[PDB]
């Protein structure tokens, strides 16, 4: 085999991370989806969680009763503002600390006050509810999101969908330095007079990327293919004309970078005034939550309401769907090749794949843990 072991050695941990990285923050829902006193069940990294907002504060608990292991969310019953009672025998837990404070069906039980559901640390920023999945004290959320995502003046809006592919197919697709070819028919092209070449003739391999590995700040890789190559706007087949790219006035996706636990930052995009952020949150081994966020620097309540309107009325359908919908096929089609780990050894990479290789190495070395099941 190895030949293959030597080639994949530096990313063995990544190859094993079918369920994602443990001990990191992950966004799971939009703020508006988690309303006051209205529990919402979610699943991430194979773990079933139940969310709820109490007095404006979002709380997260394991979505499973400690008694007979039923799923609490199968029939949500709350009889006090701060608690949820299991629908089977009334074991009652607090949302803030998961403690079993009462048992409606037997107030004399010696089990009362002796147990607690697992709770997940929560952070709600930029219209997203983030959960920390791990066993160690959480580090700052800033270390798990792209640089600038938490900037005070950055207005953010987004949407999410479930993709039938492992989360890694999402990140591989998202940070793939030379895949613009798949977007050559996007309505966003002439819809926003954006320039989109067919591909790139890469320069020196050592110049194509830059990695950030310091402590106290997000760790990731910058894709520098753009400034170190000759954009391809026309290509031939066996010497004959075959196809052309799409030249336009606006140059976007000037700075592309990916960060642990696996979040993309495309700047500027889909317009010189916007920045796109993407997450590929693991749900289970065969699915991921593809979260697409668009941000715009705002200086007043007025230009904020303005961006909000432009987001829903234009960008969602023109870009988030009009441009990115073609990415889903890529993820679904690569899925089977990599689902059994064979792809990591059999793939035949070329020049523009240097960036993903650097991401695989960095992710393998700096992730805070490999999520596993039982």
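Residue numbers count along the first chain shown, from 1.
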For this session: Output the stretch having the higher mean C-alpha B factor in the entry; the candidates are 182 to 190 and 162 to 170.
Result: 182 to 190
For this session: Tell me which of 83 to 91 and 134 to 142 has the higher mean C-alpha B-factor in the deposited entry.
Result: 134 to 142
For this session: Kindly indicate the residue among 258, 100, 247, 104 with the greatest C-alpha B-factor in the PDB record.
Result: 247
For this session: Determine which member of 312, 67, 332, 59 has the highest CA B-factor, using the values in the deposited entry.
Result: 312
For this session: Name the third of the chain's ranked CA B-factors that contains residue 176, choosing lowest, middle or highest.
Result: middle
For this session: Just say lowest, middle or highest third for the CA B-factor of residue 278 relative to the other modelled residues in its chain.
Result: middle
Exercise. Would the CA B-factor of residue 73 place it in the lowest, middle or highest third of its chain?
Worked result: lowest
Exercise. Lowest, middle or highest third: where is residue 55 by C-alpha B factor in its chain?
Worked result: highest
For this session: Would you check the entry's CA temperature factor for residue 324 and let me know if it's in the chain's lowest, middle or highest third?
Result: middle
